[PDB]
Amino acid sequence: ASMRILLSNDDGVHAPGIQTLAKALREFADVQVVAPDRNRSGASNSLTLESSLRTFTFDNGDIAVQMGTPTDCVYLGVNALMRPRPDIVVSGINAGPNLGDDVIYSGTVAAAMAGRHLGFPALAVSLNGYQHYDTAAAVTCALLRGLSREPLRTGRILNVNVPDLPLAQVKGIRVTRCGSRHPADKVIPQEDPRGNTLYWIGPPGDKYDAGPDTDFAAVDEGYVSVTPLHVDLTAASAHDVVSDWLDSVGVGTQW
């Protein structure tokens, strides 16, 4: 009845965040890195369909996936590489926040989503900076101890963001909703040596919805934010409006 954890991330088997978390979890659970071989912060919920995947296994046992996305890593971990199957997926600790409408772009979150059907809700854990990995590890371990203490009935993935603060300064925990940003609009051009313009994706838009119940607000104020996530992208509140619109413009109806 020791927890079997598939530990993945967005930064690969080596990032200090995953290495720090690995050390911490091994104190009380059996841990298998199934993680990328190398930075996939771009990756979102991408996965490899047109190619087979190769691993490689470091001397310390860190199962790793060549050119693997975080979702690839977790899918292979759960369905092939782990035996017996993991009880839970943990993804992190990510160096940097995964907050607001950024979460759909997050590989850290994606790895957790890929573990959503396991016995325990998956955890994605992101540190709001690069200093206090131990704070994020302590928060993760508390959550894991909670799950063993008592099952979480509703909510299949928890998106956890930890303030980059010494643990003593973390004020508590807040259950939050995702905030949002204004549209990101910047493109940074840079010419190559031959004078061709290449384009970088610019920084995220300014915060739009960062009210007190948001993940943004909780982290800014020094709380751990926990947002339950799901994968259903249906905008349920739009249903009647879209239906009425179609009727009004006569699309899909003769009359």
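One rule holds for the numbers: they count along the sequence shown, beginning at 1.
Mean CA temperature factor is higher for 63 to 71 when stretches 63 to 71 and 210 to 218 are set side by side in the entry. Annotation for 221 to 229 versus 50 to 58: the higher mean temperature factor (C-alpha) is found in 50 to 58.
Highest CA B-factor among 156, 174, 177, 181, as stated in the entry: 156. When the modelled residues of the chain are ordered by C-alpha B-factor, residue 131 sits in the highest third. When the CA B factors of the chain's modelled residues are split into thirds, the value for residue 20 lands in the highest one. In this PDB entry, the Cα temperature factor of residue 112 sits in the bottom third of its chain's modelled residues, the lowest group. When the CA B factors of the chain's modelled residues are split into thirds, the value for residue 148 lands in the highest one. Ranked by Cα temperature factor within the chain, residue 196 sits in the highest third according to the deposited record.
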